[PDB]
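Content type mmCIF, C-alpha atoms and all ligand atoms; chains and numbers go by the auth columns, from the file query_34.cif:
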```cif
data_entry
#
loop_
_atom_site.group_PDB
_atom_site.id
_atom_site.type_symbol
_atom_site.label_atom_id
_atom_site.label_comp_id
_atom_site.label_asym_id
_atom_site.label_seq_id
_atom_site.Cartn_x
_atom_site.Cartn_y
_atom_site.Cartn_z
_atom_site.B_iso_or_equiv
_atom_site.auth_seq_id
_atom_site.auth_asym_id
ATOM 1 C CA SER A 1 -17.589 21.659 -4.782 0.00 1 A
ATOM 2 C CA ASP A 2 -18.830 25.139 -3.891 0.00 2 A
ATOM 3 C CA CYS A 3 -16.549 26.538 -6.558 0.00 3 A
ATOM 4 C CA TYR A 4 -14.591 25.669 -9.650 0.00 4 A
ATOM 5 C CA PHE A 5 -10.732 25.921 -9.827 0.00 5 A
ATOM 6 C CA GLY A 6 -8.918 26.893 -13.131 0.00 6 A
ATOM 7 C CA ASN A 7 -11.503 26.662 -15.925 0.00 7 A
ATOM 8 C CA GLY A 8 -13.535 24.115 -13.920 0.00 8 A
ATOM 9 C CA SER A 9 -12.684 21.222 -16.211 0.00 9 A
ATOM 10 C CA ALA A 10 -12.409 19.168 -12.999 0.00 10 A
ATOM 11 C CA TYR A 11 -15.705 20.526 -11.658 0.00 11 A
ATOM 12 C CA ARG A 12 -18.162 17.866 -10.621 0.00 12 A
ATOM 13 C CA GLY A 13 -20.752 19.715 -8.502 0.00 13 A
ATOM 14 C CA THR A 14 -24.488 20.086 -8.736 0.00 14 A
ATOM 15 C CA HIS A 15 -24.843 23.668 -9.914 0.00 15 A
ATOM 16 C CA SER A 16 -27.519 23.522 -12.659 0.00 16 A
ATOM 17 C CA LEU A 17 -28.118 27.234 -13.168 0.00 17 A
ATOM 18 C CA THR A 18 -26.763 29.516 -15.899 0.00 18 A
ATOM 19 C CA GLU A 19 -25.676 33.113 -15.833 0.00 19 A
ATOM 20 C CA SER A 20 -29.033 34.179 -17.178 0.00 20 A
ATOM 21 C CA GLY A 21 -30.765 32.301 -14.377 0.00 21 A
ATOM 22 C CA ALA A 22 -31.979 29.469 -16.640 0.00 22 A
ATOM 23 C CA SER A 23 -31.679 25.811 -15.623 0.00 23 A
ATOM 24 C CA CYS A 24 -29.474 23.574 -17.709 0.00 24 A
ATOM 25 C CA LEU A 25 -30.803 20.853 -19.914 0.00 25 A
ATOM 26 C CA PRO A 26 -29.721 17.398 -18.836 0.00 26 A
ATOM 27 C CA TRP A 27 -26.828 15.931 -20.934 0.00 27 A
ATOM 28 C CA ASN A 28 -29.068 12.951 -21.833 0.00 28 A
ATOM 29 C CA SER A 29 -31.916 15.120 -23.277 0.00 29 A
ATOM 30 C CA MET A 30 -33.389 13.956 -26.649 0.00 30 A
ATOM 31 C CA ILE A 31 -33.160 17.625 -27.696 0.00 31 A
ATOM 32 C CA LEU A 32 -29.303 17.444 -27.817 0.00 32 A
ATOM 33 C CA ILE A 33 -29.164 14.836 -30.564 0.00 33 A
ATOM 34 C CA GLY A 34 -26.423 15.928 -33.009 0.00 34 A
ATOM 35 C CA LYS A 35 -24.434 17.719 -30.298 0.00 35 A
ATOM 36 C CA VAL A 36 -20.974 16.469 -29.282 0.00 36 A
ATOM 37 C CA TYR A 37 -21.187 17.389 -25.600 0.00 37 A
ATOM 38 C CA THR A 38 -23.969 15.050 -24.558 0.00 38 A
ATOM 39 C CA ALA A 39 -24.283 11.976 -22.307 0.00 39 A
ATOM 40 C CA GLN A 40 -23.944 9.798 -25.423 0.00 40 A
ATOM 41 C CA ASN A 41 -20.393 11.156 -25.722 0.00 41 A
ATOM 42 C CA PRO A 42 -17.977 8.257 -25.968 0.00 42 A
ATOM 43 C CA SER A 43 -16.193 9.847 -22.967 0.00 43 A
ATOM 44 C CA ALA A 44 -19.303 10.879 -21.121 0.00 44 A
ATOM 45 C CA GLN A 45 -17.997 9.116 -18.005 0.00 45 A
ATOM 46 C CA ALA A 46 -14.583 10.766 -18.084 0.00 46 A
ATOM 47 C CA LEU A 47 -16.287 14.118 -18.637 0.00 47 A
ATOM 48 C CA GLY A 48 -18.937 14.041 -15.960 0.00 48 A
ATOM 49 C CA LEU A 49 -21.635 14.149 -18.682 0.00 49 A
ATOM 50 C CA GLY A 50 -24.438 11.687 -17.625 0.00 50 A
ATOM 51 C CA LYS A 51 -28.102 11.516 -16.653 0.00 51 A
ATOM 52 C CA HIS A 52 -27.987 14.828 -14.779 0.00 52 A
ATOM 53 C CA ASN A 53 -28.247 18.504 -15.783 0.00 53 A
ATOM 54 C CA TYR A 54 -25.183 19.691 -13.836 0.00 54 A
ATOM 55 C CA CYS A 55 -22.749 22.326 -15.051 0.00 55 A
ATOM 56 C CA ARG A 56 -19.684 20.897 -16.731 0.00 56 A
ATOM 57 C CA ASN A 57 -16.661 21.938 -18.759 0.00 57 A
ATOM 58 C CA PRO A 58 -16.040 18.936 -20.991 0.00 58 A
ATOM 59 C CA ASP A 59 -14.452 21.028 -23.759 0.00 59 A
ATOM 60 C CA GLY A 60 -11.791 23.390 -22.353 0.00 60 A
ATOM 61 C CA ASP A 61 -14.240 26.305 -22.436 0.00 61 A
ATOM 62 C CA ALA A 62 -13.680 29.268 -20.044 0.00 62 A
ATOM 63 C CA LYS A 63 -15.654 27.894 -17.076 0.00 63 A
ATOM 64 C CA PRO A 64 -18.474 25.320 -16.593 0.00 64 A
ATOM 65 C CA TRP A 65 -21.438 25.589 -18.926 0.00 65 A
ATOM 66 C CA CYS A 66 -24.457 23.638 -20.048 0.00 66 A
ATOM 67 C CA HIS A 67 -26.934 23.475 -22.929 0.00 67 A
ATOM 68 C CA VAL A 68 -30.121 25.468 -22.383 0.00 68 A
ATOM 69 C CA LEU A 69 -33.357 26.479 -24.038 0.00 69 A
ATOM 70 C CA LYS A 70 -33.422 30.187 -24.682 0.00 70 A
ATOM 71 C CA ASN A 71 -37.071 30.799 -25.359 0.00 71 A
ATOM 72 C CA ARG A 72 -37.641 27.448 -27.063 0.00 72 A
ATOM 73 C CA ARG A 73 -34.316 27.780 -28.845 0.00 73 A
ATOM 74 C CA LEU A 74 -31.425 25.501 -28.067 0.00 74 A
ATOM 75 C CA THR A 75 -28.203 27.215 -27.188 0.00 75 A
ATOM 76 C CA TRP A 76 -25.700 26.713 -24.328 0.00 76 A
ATOM 77 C CA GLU A 77 -24.467 29.137 -21.654 0.00 77 A
ATOM 78 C CA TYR A 78 -21.964 29.558 -18.911 0.00 78 A
ATOM 79 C CA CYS A 79 -23.201 28.679 -15.495 0.00 79 A
ATOM 80 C CA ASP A 80 -23.365 30.579 -12.305 0.00 80 A
ATOM 81 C CA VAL A 81 -20.568 28.740 -10.436 0.00 81 A
ATOM 82 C CA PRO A 82 -18.336 31.180 -8.506 0.00 82 A
ATOM 83 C CA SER A 83 -14.586 30.682 -9.219 0.00 83 A
ATOM 84 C CA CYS A 84 -12.616 29.335 -6.242 0.00 84 A
ATOM 85 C CA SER A 85 -10.536 32.516 -6.802 0.00 85 A
ATOM 86 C CA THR A 86 -13.351 35.007 -6.665 0.00 86 A
HETATM 87 CL CL CL B . -21.681 20.251 -28.033 0.00 101 B
#
```
If you convert what's in this file into structure tokens, what do you get?
Ligand SMILES: [Cl-]
Amino acid sequence: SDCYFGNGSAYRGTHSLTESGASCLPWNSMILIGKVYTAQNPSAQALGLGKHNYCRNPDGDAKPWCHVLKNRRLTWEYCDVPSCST
């Protein structure tokens, strides 16, 4: 939607931008091999983790995040989705 409710675990929108203004890596990236929260996750479907780079909260984190490259380094970061409450 236009916003996430609670911690956004049910969020299934198209926001693909982090707090720092960086665009998310897609969940199916080759770069995420070894990670748990990828498209190859056994529950990828249930989590909204697929061949996209949309902001998700598959792990009970605070709000929707995504994996990103922070100057060639692989990290993750919260995304820019406004809370439905803000
Ligand atoms: Cl992970």
Stretch 51-54 of chain A: axis-aligned bounding box, 6 Å on each side, centre and edge lengths in Å, one decimal, as AutoDock Vina command-line options:
```
--center_x -26.7 --center_y 15.6 --center_z -15.2 --size_x 15.1 --size_y 20.2 --size_z 14.8
```
Using all atoms listed in the file: which of A:57, A:65, A:45, A:51 has the shortest distance to residue A:30: A:51
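Among the candidate residues A:82, A:42, A:60, A:34, the one lying nearest to ligand CL 101 (chain B) is A:34, with distances computed using only C-alpha atoms and all ligand atoms.
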Closest of A:85, A:23, A:53, A:38 to ligand CL 101 (chain B) - atom-to-atom distances counting all atoms listed in the file: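 Among A:85, A:23, A:53, A:38, it is A:38 that comes nearest to ligand CL 101 (chain B).
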Please tabulate, as JSON lines, the residues of chain A that come within 6 Å of ligand CL 101 (chain B), each with its closest pair of atoms and the distance in Å to one decimal, counting all atoms listed in the file and ordering rows by chain, then residue number upward.
```
{"residue": "A:35", "atom": "CA", "partner": "B:CL101", "partner_atom": "CL", "distance": 4.4}
{"residue": "A:36", "atom": "CA", "partner": "B:CL101", "partner_atom": "CL", "distance": 4.0}
{"residue": "A:37", "atom": "CA", "partner": "B:CL101", "partner_atom": "CL", "distance": 3.8}
```
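Note that atom CA of residue A:12 and atom CA of residue A:48 are 6.6 Å apart.
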Pairwise distance for atom CA of residue A:7 and atom CA of residue A:78, rounded to one decimal in Å: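 Atom CA of residue A:78 lies 11.3 Å from atom CA of residue A:7.
The residues caught by the PyMOL selection byres (((chain A and resi 83) around 9) and not hetatm) in this file are residues 2, 3, 4, 5, 6, 7, 8, 63, 81, 82, 84, 85 and 86 of chain A.
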Length of the atom CA of residue A:46 to atom CA of residue A:27 vector [Å]: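 Calculated distance between atom CA of residue A:46 and atom CA of residue A:27 is 13.6 Å.
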For residue A:79: contacts at 10 Å, only C-alpha atoms, fewer than 5 positions along chain excluded, given as a list in words: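 Once the nearby chain positions are removed, what remains is residues 15, 16, 17, 18, 19, 20, 21, 22, 23, 24, 54, 55, 56, 57, 63, 64, 65, 66 and 67 of chain A.
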10 Å contact set for residue A:31, only C-alpha atoms, chain neighbours under 6 positions out, as a VMD selection string: chain A and resid 25 67 to 69 74
How would the residues just chosen look if you wrote them out with C-alpha atoms as a PDB file, in the coordinates of the input?
```
ATOM      1  CA  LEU A  25     -30.803  20.853 -19.914  1.00  0.00           C
ATOM      2  CA  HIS A  67     -26.934  23.475 -22.929  1.00  0.00           C
ATOM      3  CA  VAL A  68     -30.121  25.468 -22.383  1.00  0.00           C
ATOM      4  CA  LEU A  69     -33.357  26.479 -24.038  1.00  0.00           C
ATOM      5  CA  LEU A  74     -31.425  25.501 -28.067  1.00  0.00           C
TER       6      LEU A  74
END
```
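Closest approach to residue A:49 among A:72, A:1, A:77, A:11 is made by A:11 (distances from all atoms listed in the file).
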Residue nearest residue A:29 - candidates A:52, A:70, A:75, A:58, atoms counted: all atoms listed in the file: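 Nearest candidate to residue A:29 out of A:52, A:70, A:75, A:58: A:52.
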